[PDB]
J.: 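Right, I'll just put the structure down here and ask away after.
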Amino acid sequence: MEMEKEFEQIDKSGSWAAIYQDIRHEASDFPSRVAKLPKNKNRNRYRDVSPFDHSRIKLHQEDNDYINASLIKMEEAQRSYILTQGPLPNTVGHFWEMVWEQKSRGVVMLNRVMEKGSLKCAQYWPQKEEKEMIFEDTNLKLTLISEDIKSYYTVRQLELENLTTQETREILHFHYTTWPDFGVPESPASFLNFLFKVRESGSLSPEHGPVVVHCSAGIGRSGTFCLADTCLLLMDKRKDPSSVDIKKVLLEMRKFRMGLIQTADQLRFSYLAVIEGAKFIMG
Ligand SMILES: O=C(N[C@H]1[C@H](O)[C@@H]2O[C@H]1c1ccccc12)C1CCC1
C-alpha cells in the first residue's frame, strides 16, 4: 500500500502495536559473540543492546578492537551510517578513535546528557573554547571552536587532533536538544528541519566517511533518524515514489543493528516524518 493512506488505515483501526510486533518477529537474528566476551562488559551500556559481529565497527588496535557501534550500509540509497550507544566514562577515547579512523565529518546526538534525572551518556566534548580535552588512552586532543545555539538544536564546530601525527580535522557536532523525556514529538517539523541541516553540511555525503549517530542505546531515536533520511532519498531516486515501503526499509536496516525503532510510537512518528517530509521536498 501507499504510505499516507496505510497510515490513516492503521490510525483508524488502532493497530500500531500489532504492526510493530510483526516487525519484531520478522527481524534478523545474527550472532554478537564479541560484544558478550567478559572483557567487554564495561564497554556496553545495556546488556540487551549489542552490535552484530558481521557489521560491527572495529577499532584499529591490537589489544581490544571492540566498540558498541554498527555500520548500516544502504545499497540502493547509496548512504551509510554508523549507529552507536552514547559514550560511557571508559569509552569516550574509543568513540573519538572511531570518528578519526572512519573519516567521519559529522556526529549526530539525539539525547541530552541527563534525562529523567539519570545520566544517559558521558560529557564527551568540551564546553569552553579554552578548556580542551585530551584522551590519553587513544592519544587524541579535542577543542571546541564555535557553538551556535538555536531553539531546537545546537551546532558545534570541533577540532580533532591525532597527537601521534599532528594531523588535524574539523568535526561538526549536530545536537538535537528537544526530544521529550517521554514519548515522541507531537509534530515532526523540528526533527525534519534538523535532518535537513545535517544534510546541508555535507556530513551525509559520499566524499566523507559515514556519519556517526547516537542516542542513549543507539537504536531508538537513532533508528528514526536514519530510517527517515533513507526513505526520503529513495522517494527522490525512484520513478514511482509511492513504491517506497517503510516497513521493508526498516527490516533491511535491522540486518545491520538489532532493535532499530524501540516502540510503536516511534514507528508511527517515523511514518509521520516521511509523509510530511515528502511534501516539502517538492517539488
Ligand atoms: O593513532 C591514534 N593513537 C595512537 C596512540 O599513540 C596509540 O597508538 C595509536 C593507538 C591507537 C589506539 C589506542 C592507542 C594508540 C589515534 C588516531 C585515532 C586513534
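Position 1 is the first residue of the sequence; numbering continues from there. We count ligands from 1, going down the list as the structure has it; atoms in each ligand are counted the same way. Hydrogens, waters and symmetry mates play no part in the numbers below; they use all other heavy atoms, side chains included.
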J.: Could you pull out every N or O of ligand 1 that sits under 3.5 Å from a protein N or O, with the distance for each pair?
T.:
{"residue": "ligand 1", "atom": "3 (N)", "partner": "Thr138", "partner atom": "O", "Å": "2.8"}
{"residue": "ligand 1", "atom": "6 (O)", "partner": "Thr164", "partner atom": "OG1", "Å": "3.1"}

J.: Sequence neighbours left out, cut at 3.5 Å: what donor-acceptor pairs do the side chains of residues 90-111 make with other protein atoms?
T.:
{"residue": "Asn90", "atom": "ND2", "partner": "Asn42", "partner atom": "O", "Å": "2.5"}
{"residue": "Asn90", "atom": "ND2", "partner": "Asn42", "partner atom": "OD1", "Å": "3.3"}
{"residue": "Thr91", "atom": "OG1", "partner": "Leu88", "partner atom": "N", "Å": "2.9"}
{"residue": "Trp96", "atom": "NE1", "partner": "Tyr124", "partner atom": "O", "Å": "3.0"}
{"residue": "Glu101", "atom": "OE1", "partner": "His60", "partner atom": "N", "Å": "2.9"}
{"residue": "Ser104", "atom": "OG", "partner": "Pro210", "partner atom": "O", "Å": "2.7"}
{"residue": "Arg105", "atom": "NH1", "partner": "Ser201", "partner atom": "O", "Å": "3.4"}
{"residue": "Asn111", "atom": "OD1", "partner": "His214", "partner atom": "ND1", "Å": "3.4"}

J.: Salt-bridged, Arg238 to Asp240, with N to O below 4.0 Å?
T.: no
J.: Please verify the inter-ring angle class for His54 with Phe256; under 30° counts as parallel, over 60° as perpendicular, anything in between as tilted.
T.: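 Tilted, since the angle between the ring planes falls between 30° and 60°.
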J.: Would you kindly say whether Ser222 and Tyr81 are connected by a side-chain donor-acceptor distance under 3.5 Å?
T.: no
J.: According to a 4.5 Å side-chain heavy-atom criterion applied to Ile, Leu, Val, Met, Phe, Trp and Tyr, with indirect links allowed, do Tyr46 and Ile219 form part of one hydrophobic cluster?
T.: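 Yes, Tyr46 and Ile219 fall within the same hydrophobic cluster.
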J.: Does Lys116 qualify as a cation-pi partner of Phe182, given the criterion of NZ or CZ under 6.0 Å from the six-membered ring centre and within 45 degrees of its axis?
T.: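 Satisfied, under 6.0 Å and within 45°.
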